[PDB]
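Results of the structural survey
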Amino acid sequence: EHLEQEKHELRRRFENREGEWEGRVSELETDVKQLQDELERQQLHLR
Amino acid sequence: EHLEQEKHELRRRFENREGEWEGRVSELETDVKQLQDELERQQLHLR
Amino acid sequence: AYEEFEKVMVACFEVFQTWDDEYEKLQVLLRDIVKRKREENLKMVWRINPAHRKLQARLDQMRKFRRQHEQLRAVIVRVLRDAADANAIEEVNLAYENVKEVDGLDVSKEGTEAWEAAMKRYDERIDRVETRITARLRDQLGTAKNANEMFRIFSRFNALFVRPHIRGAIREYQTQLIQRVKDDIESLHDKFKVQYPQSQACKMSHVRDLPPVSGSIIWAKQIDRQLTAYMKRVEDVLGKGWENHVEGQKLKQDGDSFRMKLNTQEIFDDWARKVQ
Amino acid sequence: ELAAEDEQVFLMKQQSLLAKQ
Amino acid sequence: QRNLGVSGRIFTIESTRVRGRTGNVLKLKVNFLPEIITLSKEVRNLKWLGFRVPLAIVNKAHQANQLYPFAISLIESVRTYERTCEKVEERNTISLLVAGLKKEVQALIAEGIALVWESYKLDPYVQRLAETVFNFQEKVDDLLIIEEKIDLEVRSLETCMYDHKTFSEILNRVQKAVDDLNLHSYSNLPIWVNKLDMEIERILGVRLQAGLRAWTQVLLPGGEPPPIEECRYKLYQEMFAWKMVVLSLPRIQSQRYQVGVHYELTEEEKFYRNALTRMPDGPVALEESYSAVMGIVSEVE
Amino acid sequence: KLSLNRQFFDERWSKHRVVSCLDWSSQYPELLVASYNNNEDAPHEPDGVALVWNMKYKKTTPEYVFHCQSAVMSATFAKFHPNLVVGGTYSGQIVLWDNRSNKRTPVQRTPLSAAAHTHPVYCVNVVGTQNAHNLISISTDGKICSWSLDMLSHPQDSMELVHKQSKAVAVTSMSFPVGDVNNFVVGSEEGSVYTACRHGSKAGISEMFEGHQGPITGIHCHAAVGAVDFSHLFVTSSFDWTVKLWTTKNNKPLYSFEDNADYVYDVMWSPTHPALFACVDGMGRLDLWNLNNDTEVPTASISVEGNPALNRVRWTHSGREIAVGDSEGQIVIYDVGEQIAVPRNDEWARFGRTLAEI
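Notes on the structure in this doc start here.

What follows concerns the packing of helix α2 (residues 53-78) of chain C against helix α3 (residues 83-101) of chain C. All names here are of chain C. In contact at an axis separation of 10 Å, α2 and α3 are set at 160° when each is read in the N-to-C sense. Judged by the angle between their axes, α2 and α3 are roughly antiparallel. Remark: the crossing between α2 and α3 carries left-handed chirality. Note on element contacts: α3 touches α2 through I89, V92, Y96 and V99, opposite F65, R66, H69, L72, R73 and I76. When its residues are assigned to classes, the contact of α2 with α3 shows seven nonpolar, one polar and two charged.

Put into structure tokens, the structure is as follows:
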């Protein structure tokens, strides 16, 4: 029983940190996407 | 004995995914770092 | 009192742990919602600093503090049970009162700086109490002439040696006493090497109407008791962790291997088999 | 006389145990 | 291309050829290749240099680095077993005494061959194998020093002054070394000491031959030795004083500590009374001693 | 000028193996412990060696010989235990050697567990006073552990060093200010010094220094103590062909001495002269810089015979002798001229002025 509380807690903490990492990689991916769009636009605007 | 093998396996899976996510986040961190440096050079180039 | 303080502290830390766990569960739920309703909120800021954390650390500082006082204070009530003894007791009490004056539950900048100043004052005062105690540690050799008196001073003040600054002050007496104890257990080895039927104990035990098998078992049991006493002497001399000390390791290994052969179960079993 | 197995025969035995597993 | 990774069995008994041995010598290694250890330092160093290491290799390197603490403990623990066993093979004399300890290490290594790197038992197992092999190495190192002392003393019996106290002092020092071996519990100690007893008996027998001939020469290596019937009695009494120099020495005992365990020891077991029968030249030297006593008594009579 | 004084070299033990570290005993200043790593051409020989040589004699042999299972990468004398010799090894074991016991094999060794070290230990040092001292050891995984020389089964204190984003600091060097036990510096493979604190609320890495462009080989804090306080100063050698002075105050180098045409492997301040510091270069050259007399070209220099790469420089505590360990495994000792070694009365004020000029 003692291990079972610990076991479910570990399985839940795995998802808890995984969701944070998924959000962070997704938002940083969108950030680089926006940066690439801005860079292409400014490259075209330069010439 | 059986649920201890499973417990250790889950712990190592969590640590592995943590490794994956720190690698991806640090990677994407360098991607903004260099792209932002290029953007700063690009905005200076405008002038 | 300290026990009541500990009860209150564990209740408060239960409260904080419940905050942490339940806030984690809620955070999971709100993250799921933000995933579902991502288009409705452009702002991804997620950092919140609960107001009570500033208290939670502060409260912990009393829990760590009074323990470090109580573990000292009770010991100074036992081992120091000399003008230096009463001076140390009253100095510790004065230091605790001085820290007690500051409003501990104050949490703002004023409370923080007052707490830091009071703890610094108490730390320097206790460091001075430890020097006033090392004075008696030197008066140990100042008075004791023989090994037994010095060991008894070691055993009476044994709890006081658990302190970190106290342990390093006494290093020259530790080597001398451990060498003396090694000599003692060597003498015990010599006594046990001389087998029982040749020993004087066998004859004199036969004189006093003691039967022979019981005599052998009794002899071995006393040698075992003395080995236990000497190992306890080493434990007092070197404090806790004497099993893995530089000079305590050989002591422990030899003592264990010797006690393995002081067992008398075979003698009793052989006697029972013969009589049956 | 209790005798430890030679290293070569012991390792041959352990190889036999390992391969057949 | 290498596909670096760690998994499966912790040991791998590989076949290696040793020069001068037709058979392939098997050697035990931990299943953690050195290339993995190089990989952990490689990935870390290239990142700070600014090289974008592929994320696949970071995953492979990071996975094995989690298992690095257990790997290094086994590699040195295994290596310690090889060199400690090498020291035993150098000295065949001490082979019997480390039989008990070598049995346990072969049992612990036998346990480890069944495990895999994912086993939760790998935590307690690494400490056990590391600790026991350290105990094996420490005891073997002590034995090489303890037997050297016994070997130096037994050779000292050949070239010591023929006086009883000097002989007793040497055997006293040899006895103390045997007593420390008894405490450590090195196995087969009774069998080993008996071999030491016979070699001590031979040396004392040889020294007793020099003692009798030297005693015979003075009467008419070997040291510096009323009615007619009293003269014969006095001469034999003097010879028994010379004979008891060696035959009255204490006999080396292997179980001095097993005390209260009652086994009666006879006079023969207590002392080297039988050493008189171990003279190299047979009973010839003893006859010359008795004959010389007969010759002097014949002339006086 | 420097004058060759002695060459310590044992054919049996210090042959085909490089010198890993040097140290002079504080109590008995005529003694030098030197580590030596494995010799690849002698697989059957012991991997780690530690030879204690003595100068007061003229014996060519090591006074004491020790060896241990893994290669010794660092070794130091126990300051307050004159009979001990501590050694950090490639495995993370902290071996302890006793001269009284006739056993060359270490009398103790720390466990290779998670609680203890498990990476190479290039940095070991005893810090504190006699009534309270510890053995601080730092490994290349950033873990730092404080033991006591009485207790090596488990460490009294331990923590991993990280600066930013929880990134490990791959420590290769370590030094402490004189008389201090709380603050210290650590150079890393990444090529950045870090000022760090041992115990406190802010325990861990405190500040980062980004100047170097290659891995740091050795950092040494200022050792001379006198009229003007210079404890905040520390020099660092590195693989970037540079020796950089530093202050704990600034975050960028004070001065960079790039006279070296190769790597620089070790740098050490003189223990007495405040401005004199000696650096050893891979071309075989040992250079003493006296910043007061000359801040730009080496004040004195000398190349070992046969140009062998110089790994570890180490002053004598008196300041009149500098020992250098070459790749060959032969220690070369150089007596320093009194005009350079001996500081004049106003050298401290002059160093103050020179520091002001920078």
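Our focus in this paragraph is the relation of the copies chain A and chain B. Overlay of chain A on chain B (RMSD 0.5 Å): rotation 177°, translation along the axis 0.3 Å. What we have between these two chains is a two-fold relation. The overlap is high: 92% of the interface residues of chain A also sit at the interface in chain B, so the same surface is used on both sides.

Looking now at the interface of chain A and chain B. The accessible area lost on association of the parts is a frequent measure of interface size. With 24 residues of chain A in contact, the opposing surface of chain B contributes 24 residues. Both sides together, the interface formed by chain A and chain B hides about 2,400 Å², and carbon and sulfur atoms give 76% of it. On inspection of chain A and its partner chain B, the count reaches four salt bridges. Taking the shortest distance from any N to any O, the salt bridge between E18 of chain A and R17 of chain B comes out at 2.8 Å. Viewed at the interface, chain B and chain A are joined by five residue pairs in polar contact.

All names here are of chain E. Tallying each qualifying case throughout the model produces 58 salt bridges over all chains. The residue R278 makes a salt bridge to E201 at a minimum N-O spacing of 3.4 Å. Under the relative-accessibility criterion, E201 is labelled buried at 7%.

The phi angle at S185 of chain E is positive, at roughly 85°, despite the residue not being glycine. Within the secondary structure layout, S185 of chain E lies in the loop between α6 (164-184) and α7 (189-219). Notably, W241 of chain F is not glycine yet its phi reads approximately 65°, a positive angle. Secondary-structure assignment places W241 of chain F in the loop between β19 (233-238) and β20 (243-247). On the accessibility criterion, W241 of chain F (43% relative accessible area) is partly exposed.

Turning to the sheet that holds strand β23 (residues 276-281) of chain F, a few remarks are in order. Residues and elements named next belong to chain F. Strand order in this open sheet of four strands is β22-β23-β24-β25, and the pairing throughout is antiparallel. The sheet is open, and its two edges are formed by β22 (264-269) and β25 (300-303), each paired on a single side. Across the sheet, the mean angle separating the axes of adjacent strands is 15° when strand polarity is ignored. Both strand β24 (residues 285-290) and β25 contribute to a ladder of four bridges, which runs antiparallel. Directly across from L288, in β25, lies its bridge partner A300.

Looking now at helix α1 (residues 7-20) of chain D. Its 14 residues give α1 of chain D an end-to-end C-alpha distance of 20 Å, which sits within 8% of 20 Å, the value for a rise of 1.5 Å per residue. All of the buried residues along α1 of chain D are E7, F10, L11 and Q14 of chain D. The buried residues of α1 of chain D occupy an angular sector of 95° when projected down its axis, which confines them to one face. In this structure, α1 of chain D carries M12, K13, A19 and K20 of chain D as exposed residues pointing more than 90 degrees from its buried face. Looking at the buried positions of α1 of chain D, the neighbouring elements they touch are β1 (11-17), β2 (24-30), α3 (68-90) and α4 (99-112) of chain E.

As a further point, take the packing of aromatic side chains. Evaluation of the coordinates by the stated rule reveals 36 aromatic pairs over all chains. On the basis of an interplanar angle of 70° and a centroid distance of 6.1 Å, the ring pair of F239 of chain F and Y265 of chain F is categorised as edge-to-face. Residue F239 of chain F is found in the loop between β19 and β20, and its partner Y265 of chain F is found in strand β22; the two are separated by 26 residues along the sequence. For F239 of chain F, a relative accessible area of 35% gives the class partly exposed. Through a chain of ring-to-ring contacts, the aromatic side chains of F230, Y255, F257, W269, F277, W289 and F351 of chain F assemble into a single cluster. Between the NZ or CZ atom of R31 of chain C and the centre of the ring of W46 of chain C, over which it lies, the distance is 4.7 Å. For the cation-ring pair, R12 of chain F lies above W13 of chain F, with the distance from its terminal atom to the ring centre recorded as 4.5 Å.

In this assembly, eight pairs of chains are in contact, and the pair with the greatest number of contacts comprises chains A and B. There is no contact between chain A and chain D; across them, the least C-alpha separation is 31 Å.

Right, let's get into the nonpolar core. One finds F11, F32, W117, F167 and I200 of chain E to be the most contacted residues of the largest nonpolar core, which totals 84 residues. Per-element accounting of this core gives the leading share, 12 residues, to helix α5 (residues 122-156) of chain E. Setting aside residues no more than four positions away along its own chain, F11 of chain E makes contact with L18 of chain D together with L28, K29, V30, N31, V78, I109, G112, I113, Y125 and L129 of chain E. In terms of nonpolar packing, the next biggest core, distinct from the first, is built from 57 residues, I126 and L137 of chain C together with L183 and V259 of chain E among them.

Conventions used here
- Residues numbered from 1 in each chain as written, not as in the entry; some residues may be left out.
- Chains lettered and ligands numbered in written order.
- Part of a larger assembly, values for the part shown.
- Heavy atoms only, no water.
- Residues with missing side-chain atoms left out of burial classes, pairs and counts.
- Axes fitted to C-alpha atoms, helices over the stretch in contact; angles between N-to-C directions.
- Helix = DSSP H or I, 4+ residues; strand = E, 2+ residues; numbered from the N terminus.
- Parallel < 35°, antiparallel > 145°, perpendicular 65-115°, else oblique.
- Left-handed = near helix turned anticlockwise from the far one by under 90°.
- Contact = heavy atoms within 4.5 Å.
- Nonpolar A, V, L, I, M, F, W, Y, C, P; charged D, E, K, R; others polar.
- Least-squares fit on C-alpha atoms.
- Buried area = accessible area lost by both parts, 1.4 Å probe.
- Salt bridge = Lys/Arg side-chain N within 4 Å of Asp/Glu carboxyl O.
- Polar contact = N/O pair within 3.5 Å; in protein donor to acceptor, adjacent residues only side chain to side chain.
- Buried < 20%, exposed > 50% of the residue type's maximum accessible area, 1.4 Å probe, protein only.
- Pairing = 2+ DSSP bridges.
- Expected span 1.5 Å × (residues − 1).
- Arc of directions from axis to C-beta.
- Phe/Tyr/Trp six-rings, centres within 6.5 Å; stacked < 30°, edge-to-face > 60°.
- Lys NZ or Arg CZ within 6 Å of the ring centre and 35° of its normal.
- Core = buried A, V, L, I, M, F, W, Y, C linked by side-chain atoms within 4.5 Å.

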